[PDB]
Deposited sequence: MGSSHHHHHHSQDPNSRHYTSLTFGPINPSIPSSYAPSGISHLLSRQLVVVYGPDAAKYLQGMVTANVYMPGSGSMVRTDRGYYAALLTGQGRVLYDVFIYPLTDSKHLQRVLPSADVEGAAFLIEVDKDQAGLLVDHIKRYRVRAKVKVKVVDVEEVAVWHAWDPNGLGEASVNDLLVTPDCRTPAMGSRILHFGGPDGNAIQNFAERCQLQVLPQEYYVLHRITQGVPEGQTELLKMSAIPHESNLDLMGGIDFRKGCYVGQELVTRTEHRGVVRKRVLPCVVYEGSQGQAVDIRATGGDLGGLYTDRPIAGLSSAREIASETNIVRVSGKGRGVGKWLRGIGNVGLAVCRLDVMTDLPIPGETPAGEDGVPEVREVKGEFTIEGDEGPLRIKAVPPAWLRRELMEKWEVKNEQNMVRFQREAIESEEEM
């Protein structure tokens, strides 16, 4: 609702836009494995379920497009959310957009056929999704709190599941212990944006978002070495054959003049704030007027936001499979030509892509692998 008055480098927020779904039954692990992009099993074993307290993943369509971007929390420790116990197989908490929780349950229900799998929404009162971030780190499973790192970026922070209830003291004690300010959700969104991480179906459009454009390869949510799953063919073909020229990047809105958080302000530019660029898919264009369409707006707050940007046009980044190597075997560095703005706007508004350091390093790695 509100616009953060400043950037918060640390804090903790109740993720009201996120809700958990529980998946359990004898076939839960096998059924999930064919459904999500992440490996449900531990490496080197096809049967042993991961006991990592939480990991990033995505559900895709048959056409390889993003359906739901989720976190998966393996559930083994006596958690009362199954009040009495149908199954002793395996149980999984799947964190999805609150608006998508019921739709996720229905999707899991209708595709099971014979899979001995049960699925239902978890009341936000029973288990609540929080997130905390701090430059000096956190990250586990103490009585009412599941704390696990968000590994999409080095500095995303930690996902936190609160199992007690609303009228508990676990979160407030955690924030006081970790010297974190309890902040409304939009401060987490600002932290997300400055890290370059898209999240939810307002930003990763349901059945439309492209995994590699959404950086699901760079954020650790896709296992390319696991077997078949829904949508693997088109993800795999892009990984091996594709040349990804468009990726989600954080952008700054400015007037003609974590790293990005130092540039954040809540003051208007020409519009009131970045949330008012058309709620999705506004074109970014060169200011000159030539070759309209070099990016698509996703979502913003203040003077920052996320956009699917043409890397070859708006950025410095090496494009794996395209950018030629120099004499020393490192990719050539091309300069960004000119400035950019919103389609139609002939005013002084400008948009600048600011690639995160983590994305730049990982694109360098992918360039090296594709080069050899």
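Can you list the gaps, numbered from 1 on the deposited sequence, where no C-alpha is modelled?
Since the structure holds only modelled residues, the stretches it omits are 1 to 28, 117 to 119, 171, 290 to 300, 416 to 432.
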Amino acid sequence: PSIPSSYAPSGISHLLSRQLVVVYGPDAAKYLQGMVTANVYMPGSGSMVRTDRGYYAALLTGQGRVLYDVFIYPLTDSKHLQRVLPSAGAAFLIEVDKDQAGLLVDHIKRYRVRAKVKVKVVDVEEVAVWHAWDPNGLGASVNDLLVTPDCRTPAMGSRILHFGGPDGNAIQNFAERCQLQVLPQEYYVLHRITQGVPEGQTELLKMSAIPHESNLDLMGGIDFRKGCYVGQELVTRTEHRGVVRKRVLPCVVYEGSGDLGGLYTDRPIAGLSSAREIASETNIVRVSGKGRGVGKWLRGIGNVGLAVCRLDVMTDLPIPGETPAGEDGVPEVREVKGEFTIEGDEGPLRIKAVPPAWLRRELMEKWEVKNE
From here on, numbers count along this sequence of modelled residues.
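Do the C-alpha atoms of 339 to 347 or of 61 to 69 have the higher average B factor in the entry?
For C-alpha atoms only, the mean B-factor is higher in 339 to 347.
Would 294 to 302 or 76 to 84 have the larger average of its C-alpha temperature factors, as given in the entry?
Going by the record's values, the stretch with the higher mean is 76 to 84.
Residue of maximum C-alpha B factor among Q201, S288, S208, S158, per deposited coordinates
Comparing C-alpha B-factors across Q201, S288, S208, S158, the top value belongs to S288.
Reading the B-factor column of the entry, which of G242, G137, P154, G196 has the highest value at its C-alpha atom?
Most elevated C-alpha B-factor of the set, per the entry: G137.
Taking the values exactly as deposited, rank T315 by C-alpha B-factor within its chain and report the matching third: lowest, middle or highest.
Middle third.
Quick check for you: using the entry's CA B-factors within this chain, is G25 in the lowest, middle or highest third?
CA B-factor rank for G25: highest third.
Ordered by C-alpha B-factor within the chain, which third holds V147? Give me lowest, middle or highest, please.
Tercile = highest for this residue's CA B-factor.
Cα B factor band for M219 (lowest, middle or highest third within the chain)
It falls in the bottom third of the chain.
Would you mind ranking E95 by its C-alpha B-factor against the rest of the chain and naming the third, lowest, middle or highest?
According to the entry, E95 has a C-alpha B-factor in the chain's lowest third.
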